[PDB]
Amino acid sequence: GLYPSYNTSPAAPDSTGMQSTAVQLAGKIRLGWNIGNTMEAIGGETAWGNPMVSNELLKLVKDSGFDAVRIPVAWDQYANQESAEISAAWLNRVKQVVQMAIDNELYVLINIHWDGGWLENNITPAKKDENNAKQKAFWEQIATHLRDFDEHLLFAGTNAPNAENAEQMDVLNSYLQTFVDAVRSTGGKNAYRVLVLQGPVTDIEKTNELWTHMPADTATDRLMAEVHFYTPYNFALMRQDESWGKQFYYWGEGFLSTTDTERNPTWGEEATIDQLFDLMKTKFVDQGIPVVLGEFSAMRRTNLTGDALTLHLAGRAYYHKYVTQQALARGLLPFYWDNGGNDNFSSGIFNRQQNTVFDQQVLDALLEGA
Ligand SMILES: O=[N+]([O-])c1ccc(O[C@@H]2O[C@H](CO)[C@@H](O[C@@H]3O[C@H](CO[C@H]4OC[C@@H](O)[C@H](O)[C@H]4O)[C@@H](O[C@@H]4O[C@H](CO[C@H]5OC[C@@H](O)[C@H](O)[C@H]5O)[C@@H](O[C@@H]5O[C@H](CO)[C@@H](O)[C@H](O)[C@H]5O)[C@H](O)[C@H]4O)[C@H](O)[C@H]3O)[C@H](O)[C@H]2F)c([N+](=O)[O-])c1
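As annotated in the PDB entry, the chain carries the name Cellulase, putative, cel5D and comes from Cellvibrio japonicus. For the chain, the Sequence similarities (unreviewed entry) comment in UniProt is given as "Belongs to the glycosyl hydrolase 5 (cellulase A) family."

Next up, the structure:
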């Protein structure tokens, strides 16, 4: 015991308002939004340029057509590093935000995010035992504190764990088992709550190659799997050319350039996307396990001008419609990555500071795709 037990008030199993299976829950969610660069920001909730989450932002997200939110949360910067005790004020603030999302009729997925890298960059034998102790300490405290919410609240163990081979997968499987067991041990509605488990780097290919088994659960049929999607990188996140490839400015049948053809895609087009989602339909969906697509988005290139600017924005939108539609046909639940920015290379579709829509084009695209 590197840390004290934080499972000091376990409750009797309770299935009141927890009656859906993972499959039945997935059936109610077609379109999700990440509260990005907010509760997981290093230095505090407002340290990366966004305001504190408000009832009126969450009301906008619902009234705009979203069924759910993913809330990345930071934890380690708020904890005593001797005891792994998390600040009681932070635990109360996260509870308050969950309460507000549930009051607006959203499903809610809370995680431990990158969180400064303590677990995420450390999927190794050297770090396995200390990280298993922290994972257990933090999840005992988070689940105890959020124990009383109904099935609108889901928990996700990790974000994008850096596991690249089989030895790293075994280490991750251990991390994921410590999660499940910590949650169930606190015994509320947490006896039956749907938990979400992350594939290696939440990458589709690595997950296809390396994924073996889902963790063991005292509960029956209450697990989903998680991947993310920034494919192709050159289009969605690349901000400068390298020896190994060029930024793509344009995407999709119908929206390719005739004047500027090096800035069209050399790979990662409609058919590749179809192929990638199919791998997750076979491994998980066809086998009674829903798949959360926890993060996707291509960034705005508002440094372009003229017909270049207009063609980029037309393909950028189609990219978002196509991903959403094709994800949902295969049983993947699409959650849009929104960092809140409205400047060059950002992903915010709302203006957080005025609670208005900033990018009506991409919002329309996600809804048409849904
Ligand atoms: O071949 N594979 O196996 C394979 C694996 C992975 C691949 O792609 C990567 O997948 C991972 C997981 O999905 C991605 O991580 C998520 O990515 C989000 C978007 O990241 C980008 O945002 C914009 C750019 O800044 C940059 O391209 C990327 O970071 C990410 O959100 C961003 O979080 C930033 C903070 O970063 C910290 O936490 C995440 C962590 O990975 C990163 O190491 C760490 O530093 C935000 O940046 C901050 O912004 C504030 C405010 O302006 C500044 O003040 C700070 O200085 C600055 O740090 C950023 O704005 C936000 O969008 C999610 O947190 C994360 O889960 C990863 O991006 C993919 F690269 C691929 N593949 O080919 O794509 C293949």
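From this point, the discussion proceeds with the structure in view.
Caption draft 1: View of the pattern of salt bridges. For the coordinates displayed, the defined rule picks out 13 salt bridges. Note that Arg184 is salt-bridged to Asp217, the shortest N-O span being 2.7 Å. With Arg184 in helix 5 (residues 166-185) and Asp217 in the loop between helix 6 (204-210) and strand 6 (223-229), this pair connects stretches of sequence that are 33 residues apart. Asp217 shares its class with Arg184; the two are buried.

Caption draft 2: Up close: the packing of helix 3 (residues 88-103) against helix 4 (residues 125-145). Interaxial distance between helix 3 and helix 4 falls to 10 Å at its minimum, and their mutual angle equals 50°. With respect to helix 4, the element helix 3 is oriented oblique. Crossing of helix 3 against helix 4: the hand is right-handed. Facing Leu91, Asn92 and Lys95 of helix 3, the residues of helix 4 in contact are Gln141, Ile142 and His145.

Caption draft 3: Here's a closer look at the site of the ligand. Around the ligand lies a shell of 18 residues, among which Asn37, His113, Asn159, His228 and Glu295 are the nearest. The side chain of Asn37 places a nitrogen or oxygen atom 3.0 Å from an oxygen atom of the ligand. Against a free-state accessible area of 1,200 Å², the protein chains account for coverage of 57% of the ligand. In terms of residue class, the shell around the ligand is made up of 8 nonpolar, 6 polar and 4 charged.

Caption draft 4: Structural view of unusual backbone geometry. At the junction of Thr231 and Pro232, the peptide bond is cis and its omega measures out at 0° in the coordinates. A positive phi angle, close to 55°, is found at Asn37, a residue other than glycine. Within the secondary structure layout, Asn37 lies in the loop between strand 1 (32-34) and helix 2 (55-63). Classification of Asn37 as buried rests on a relative accessible area of 17%. Positive phi, normally seen in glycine, also occurs at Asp221, with a value near 70°. With respect to the element layout, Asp221 can be found in the loop between helix 6 and strand 6.

Caption draft 5: Structural context of the environment of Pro10. Tracing the sequence through the fold places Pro10 in the segment before helix 1 (22-26). Residue class for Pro10 comes out partly exposed when judged on its relative accessible area of 47%. Taking the C-alpha atoms as reference, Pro10 lies 29 Å from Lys127; in sequence the two are 117 residues apart.

Caption draft 6: Molecular detail of the pairing of strand 4 (residues 153-156). Of the two faces of strand 4, the one holding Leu153 and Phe155 and the one holding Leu154 and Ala156 are both buried throughout. Strand direction decides the pairing type here: strand 3 (residues 107-111) and strand 4, joined by 4 bridges, are parallel. The residue bridging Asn111 from the neighbouring strand is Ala156, located in strand 4. In terms of strand pairing, strand 4 meets strand 5 (residues 195-198) through 2 bridges, oriented parallel. Residue pairing for strand 5: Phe155 is matched across the bridge by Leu195.

Caption draft 7: Fine view of the packing of aromatic side chains. Considering all chains together, one arrives at 15 aromatic pairs under this definition. Among the aromatic residues, ring-to-ring pairing joins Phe235, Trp251, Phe255, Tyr318, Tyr319 and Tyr322 into one connected group. Above the plane of the ring of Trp118 lies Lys134, whose end atom (NZ or CZ) is 6.0 Å from the centre. The ring centre of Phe155 lies 5.2 Å from the NZ or CZ of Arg193, which sits over that ring.

Caption draft 8: View of the sheet that holds strand 5. Strands sit in the order 1-2-3-4-5-6-7-8 around a closed barrel of 8 strands; the barrel is parallel. Direction aside, the axes of adjacent strands within the sheet are offset by 30° on average. Pairing analysis gives 4 bridges linking strand 2 (residues 68-71) to strand 3, with the strands arranged parallel. Bridging across to strand 3, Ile71 finds its partner in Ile110.

Caption draft 9: Quick peek at the environment of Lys283. Within the element layout of this structure, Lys283 appears in helix 8 (residues 270-283). For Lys283, a relative accessible area of 26% corresponds to the partly exposed category. Each residue touching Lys283, except ones within four places of it in the same chain, is listed here: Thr207, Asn208 and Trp211. Within the local environment of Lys283, its side chain forms a polar contact with the backbone oxygen of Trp211, the two atoms lying 2.9 Å apart.

Caption draft 10: Spatial organisation of the packing of helix 4 against helix 5. Helix 5 packs onto helix 4 with a crossing angle of 25° between their chain directions and a minimal axis gap of 8 Å. One finds that helix 4 runs roughly parallel with respect to helix 5. As for the relative orientation of helix 4 and helix 5, their crossing is right-handed in sense. Along its contact with helix 4, which presents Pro125, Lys127, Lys128, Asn131, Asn132, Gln135, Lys136, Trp139, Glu140 and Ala143, the element helix 5 presents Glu167, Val171, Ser174, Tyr175, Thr178, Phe179, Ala182 and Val183. Partitioning the contact of helix 4 with helix 5 into residue classes produces 8 nonpolar, 5 polar and 5 charged.

About the criteria used
Residues numbered from 1 in each chain as written, not as in the entry; some residues may be left out. Heavy atoms only, no water. Residues with missing side-chain atoms left out of burial classes, pairs and counts. UniProt positions renumbered as here; feature names shortened; annotations may be inferred. Salt bridge = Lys/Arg side-chain N within 4 Å of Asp/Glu carboxyl O. Helix = DSSP H or I, 4+ residues; strand = E, 2+ residues; numbered from the N terminus. Buried < 20%, exposed > 50% of the residue type's maximum accessible area, 1.4 Å probe, protein only. Axes fitted to C-alpha atoms, helices over the stretch in contact; angles between N-to-C directions. Parallel < 35°, antiparallel > 145°, perpendicular 65-115°, else oblique. Left-handed = near helix turned anticlockwise from the far one by under 90°. Contact = heavy atoms within 4.5 Å. Near = heavy atom within 4 Å. Polar contact = N/O pair within 3.5 Å; in protein donor to acceptor, adjacent residues only side chain to side chain. Areas by Shrake-Rupley, 256 points an atom, 1.4 Å probe, with all protein chains shown as cover. Nonpolar A, V, L, I, M, F, W, Y, C, P; charged D, E, K, R; others polar. Pairing = 2+ DSSP bridges. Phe/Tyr/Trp six-rings, centres within 6.5 Å; stacked < 30°, edge-to-face > 60°. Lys NZ or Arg CZ within 6 Å of the ring centre and 35° of its normal.

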